[PDB]
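Participant: Any chance you could fold what I've pasted below:
(one chain, ligands or ions: 1)
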Amino acid sequence: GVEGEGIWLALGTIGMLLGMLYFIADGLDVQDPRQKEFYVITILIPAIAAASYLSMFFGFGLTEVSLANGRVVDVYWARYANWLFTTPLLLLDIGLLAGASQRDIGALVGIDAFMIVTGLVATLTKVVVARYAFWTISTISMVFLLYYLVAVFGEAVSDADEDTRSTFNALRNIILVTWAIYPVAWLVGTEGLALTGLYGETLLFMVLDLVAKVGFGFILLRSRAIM
Ligand SMILES: *C/C=C(C)/C=C/C=C(C)/C=C/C1=C(C)CCCC1(C)C
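Facilitator: Numbers count the residues shown, from 1 in each chain. Pasting the structure now:
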């Protein structure tokens, strides 16, 4: 544990609200249907995240887990429900942009669900070796996620014009750079090796989420590529 983390839950919440509020204000002049499909998907992401963050702020979706070890971890489980719904949407979004087939997006969200699910079990087990084991398999599968991202979506976008290739790189980079830190944050946070407390791990996830979501969706929506 180590409380006071709710300040990150509050600022996280409102950043989502603001990002979501902005995308609406910006998607007001929108015209082509496909562009509109992008706006629903993008605005859907911090929406869900904000509801998730609001529940955590009000203390819902918290849960204590006494480890075999003896230690007890306060674990925010709403977080993993958040990720369950939100990550297949960022994948869909970048996927649509890349012009990847639903077969390919679907295969990528298939391994995303496994990653977030096994991450959830690692967070919740009492047996501490199994925490680290399910952590290992989760990040293994995140590496295949990242591989098929750069290669399957990458190959789909190679036929596309310069600006949807440059937009897709900008988004591919964000995912690579920011999704890769999530499992290290789990590791050094209280859920893993506990180098930081609950307060600093929370801070970390909050920052990562805002750029995975508002930063990401900002770049997508604001782009000559989608009109
Ligand atoms: C907006 C939320 C996002 C982009 C969440 C991304 C989540 C991950 C990249 C999760 C990674 C994890 C592992 C690779 C295993 C260790 C535990 C997890 C769930 C943190």
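Participant: Pull the number of nearby residues for residue 8.
Facilitator: For residue 8, the tally of surrounding residues (other Cβ atoms under 10 Å) stands at 21. (Each C-beta comes from the backbone N, C-alpha and C, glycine too.)
Participant: and the helix or strand that contains it, C-alpha only, in CSV?
Facilitator: Using DSSP states H and E, residue 8 sits within helix 6-26. What follows is helix 6-26 as a C-alpha-only set of coordinates in CSV (Å, rounded to 0.1, in the frame of the first residue of the first chain):
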residue,chain,number,x,y,z
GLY,A,6,-6.3,9.2,-5.3
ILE,A,7,-4.8,12.5,-6.5
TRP,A,8,-3.6,10.7,-9.6
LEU,A,9,-7.1,9.0,-9.9
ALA,A,10,-8.7,12.5,-9.9
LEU,A,11,-6.3,14.2,-12.3
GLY,A,12,-6.4,11.0,-14.5
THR,A,13,-10.2,11.1,-14.5
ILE,A,14,-10.4,14.8,-15.6
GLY,A,15,-7.7,14.5,-18.2
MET,A,16,-9.8,11.8,-19.8
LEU,A,17,-12.9,14.0,-19.5
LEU,A,18,-11.0,16.9,-21.1
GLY,A,19,-9.6,14.8,-23.9
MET,A,20,-13.0,13.4,-24.5
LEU,A,21,-14.6,16.8,-24.3
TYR,A,22,-12.1,18.2,-26.8
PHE,A,23,-12.6,15.4,-29.4
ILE,A,24,-16.3,16.1,-29.3
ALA,A,25,-15.8,19.9,-29.7
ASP,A,26,-13.5,19.1,-32.6
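Participant: is the ligand contacted by that helix?
Facilitator: No: under the criterion of Cβ under 6 Å from any ligand atom, the ligand is not reached by helix 6-26; the shortest gap measures 9.8 Å.
Participant: Could you figure out how far the next helix or strand after that helix is turned away from helix 6-26?
Facilitator: Of the helices and strands lying after helix 6-26 in sequence (DSSP H and E), the nearest is helix 33-57. Here helix 33-57 runs at 160 degrees with respect to helix 6-26, directions being taken by axes from the mean of the first three to the mean of the last three Cα atoms, to 10 degrees.
Participant: Show me which residues of the chain are close to the ligand?
Facilitator: Those residues of the chain that sit near the ligand, judged by Cβ under 6 Å from any ligand atom, are 83, 86-87, 115-116, 119, 135, 138-139, 142, 179, 182-183, 186, 209, 212-213.
Participant: How many neighbouring residues does the residue nearest to residue 44 when sequence neighbours are not counted have?
Facilitator: Excluding its sequence neighbours, the residue lying closest to residue 44 (Cβ to Cβ, 6 or more residues apart in numbering) is residue 89, at 6.1 Å. Counted with other Cβ under 10 Å, the burial measure for residue 89 works out to 19 neighbours.
Participant: which residue packs closest to residue 114, ignoring adjacent ones?
Facilitator: residue 141 (5.3 Å).
Participant: Looking at this protein, which residue is nearest the ligand?
Facilitator: When Cβ to the nearest ligand atom is the measure, the chain has its nearest residue to the ligand at residue 119, with 2.6 Å between them.
Participant: quick one: contacts for that residue?
Facilitator: For residue 119, the set of contacting residues under the criterion of Cβ atoms under 8 Å, 6 or more residues apart in numbering consists of 80, 83, 134-135, 138, 183, 186.
Participant: one more time with 6 Å
Facilitator: Listed by Cβ atoms under 6 Å, 6 or more residues apart in numbering, the contact partners of residue 119 are residue 138.
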